[PDB]
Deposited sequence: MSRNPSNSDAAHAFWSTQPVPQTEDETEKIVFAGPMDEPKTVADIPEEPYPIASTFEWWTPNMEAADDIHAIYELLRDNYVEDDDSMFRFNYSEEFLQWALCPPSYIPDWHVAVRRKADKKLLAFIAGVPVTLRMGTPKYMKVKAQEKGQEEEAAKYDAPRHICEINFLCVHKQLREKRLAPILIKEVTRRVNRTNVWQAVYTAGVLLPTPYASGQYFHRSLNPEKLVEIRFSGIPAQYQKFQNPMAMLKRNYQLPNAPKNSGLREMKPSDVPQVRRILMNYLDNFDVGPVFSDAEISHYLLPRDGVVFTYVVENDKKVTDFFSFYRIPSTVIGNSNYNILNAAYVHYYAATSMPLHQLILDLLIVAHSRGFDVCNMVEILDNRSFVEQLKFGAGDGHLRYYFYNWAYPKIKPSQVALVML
C-alpha cells in the first residue's frame, strides 16, 4: 500500500503513465484563497521553522541535520554549507519554501524539505504530439507548451530519531501548501527509490579518474578479469589514464562576461529535449560560474565567441576524502561531445577529482563507451507532482538534479 501517495495528485500506476496522452494538471483548478495560511498541524512538541539562509547559524543547523541523517558503508556524502547555499538559494528563491521542523523544547532541527523555483519546459512530448496530430488533437497537445514557473523539491530529510512516524507526508503537505500559496501547482522531484509514478528513470554511470586512489580507499576494487594480468594495477591505471592537459585551443575557466553566450548556447541545446529548464542570465551566473569546492565550469572561446562549455559539481565523501565530480550542463558546437567531455575528465583529474559520475540524461550515453564510463547499480527516477505526463526515455530529460 501507499497510505500517503495514494491520496496525492500523482499517477497511481505505471499503466496510468503509458496511457497518458497529453501533458496537463491532474487536480481541477484551485485558487490561492482556497489554500489556508495556517501551517499544517504537527504535534505539540514540534514547531515549524523557516530558516534564514542569510544566517550562519541557520545554515549550520541544516548542514548538521543532513550530515547525519540524509541519503546513505565505508563512505558518507558531505554536503557542505556552501554546497547547500548554492543548491537552496538560486535567484528569486522563496524563503518559506525552505521548510523545517524543530523540537520546541531545545530548538533541535529534526526535519527539513526544500523547494526552489525552476522554469521548466514540460509540455506534451514530441512522440505524443505526433499521435495527437494524427487524431486532430494538436491543440489539446500544445496547450501547455509554454515554459512553466514551478517548484523543484530536494533535500527531504527526517532525523533518524523521528523515522517511521509519518512525518515525511506532513513535510510534503506543508511545502505543497506554501507553494500553492504562491499560485504554483506543480513540482518536479527525483528519488533513487520507486514511488508512484516516475515519468522517466535513468541509470547512473561512473568513470574512475584516479584508480590507484580508489582502490587504496576501497571505493573500487580490481575487477576479477584484471586479476589475471601480470600487473593488474598497471593495467587498471592504463585503462583510465588521461592526458595532463587538454588540447582544445581556447579552453579556460568561465568568467562573468561569458554568461550571456553560455546562456544562448545552453538554451539552444536544451530546447532539443522534452523536459528541461529555462535559465535567465542570473540563473546561469548562479548555477554555472565557478565556486570553490562546489562548481567548476569551462568555456571554449576564441575570437571573443564562446562555442562550447562544460560544467561539473563536486560532492566529496568522508572515507569512514573521495572527491567526486558530477557532470552538470554542457553544450558542444565546435567539436564532438566526446571530446568536450574528455576535456571535462582531464580538467577534473587535474584538479584532484577521483571519479566522475552522471545519470544517462541529456546526451550522456553518447560518450559512455569511448570515455570508459561503466554503468552502476543506482537509478534516478524523475517525478512530477500534479502533472499528467507520458513516460519518456531519460535521454529526453535535460534537468540535472543537484
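Which parts of the deposited sequence lack C-alpha coordinates?
-> According to the deposited record, C-alpha coordinates are absent for 1-10, 83-85, 334-339, which together make up the missing parts.
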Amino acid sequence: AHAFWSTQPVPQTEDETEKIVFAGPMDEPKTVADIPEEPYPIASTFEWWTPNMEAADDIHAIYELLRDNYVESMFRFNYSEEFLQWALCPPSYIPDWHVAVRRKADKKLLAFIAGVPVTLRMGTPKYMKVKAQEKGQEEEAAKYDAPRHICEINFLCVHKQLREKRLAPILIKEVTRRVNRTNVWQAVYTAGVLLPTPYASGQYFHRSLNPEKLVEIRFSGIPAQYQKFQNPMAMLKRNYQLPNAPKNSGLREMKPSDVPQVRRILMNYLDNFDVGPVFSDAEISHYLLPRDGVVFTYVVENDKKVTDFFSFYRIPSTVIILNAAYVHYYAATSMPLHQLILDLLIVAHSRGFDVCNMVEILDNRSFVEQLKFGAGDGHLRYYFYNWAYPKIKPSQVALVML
From here on, numbers count along this sequence of modelled residues.
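State which stretch shows the higher mean Cα B factor in the entry: 305-313 or 218-226.
-> For C-alpha atoms only, the mean B-factor is higher in 218-226.
61-69 versus 36-44 - greater average Cα B-factor per the deposited record | Taking the mean C-alpha B-factor of 36-44 and of 61-69, the larger value falls to 61-69.
Highest Cα B-factor in the deposition, which of 75, 185, 204, 326?
-> That would be 75, according to the entry.
Identity of residue with top Cα B-factor, from 121, 286, 143, 252 = When the deposited C-alpha B-factors of 121, 286, 143, 252 are compared, 143 is largest.
According to the PDB entry, is the CA B factor of residue 93 in the bottom, middle or top third of its chain, that is, lowest, middle or highest?
-> Tercile = middle for this residue's CA B-factor.
How does residue 20 rank on Cα B-factor within its chain, lowest, middle or highest third?
-> Tercile = highest for this residue's CA B-factor.
For residue 239, the third of its chain into which the C-alpha B factor falls = Within its chain, residue 239 is a highest-third residue by C-alpha B-factor, going by the deposited values.
Taking the entry's C-alpha B-factors for this chain, is residue 151 in the lowest, middle or highest third?
-> Lowest third, going by the recorded CA B-factors of the chain.
Compared with the other modelled residues in the chain, in which third is the CA B-factor of residue 178?
-> Within its chain, residue 178 is a lowest-third residue by C-alpha B-factor, going by the deposited values.
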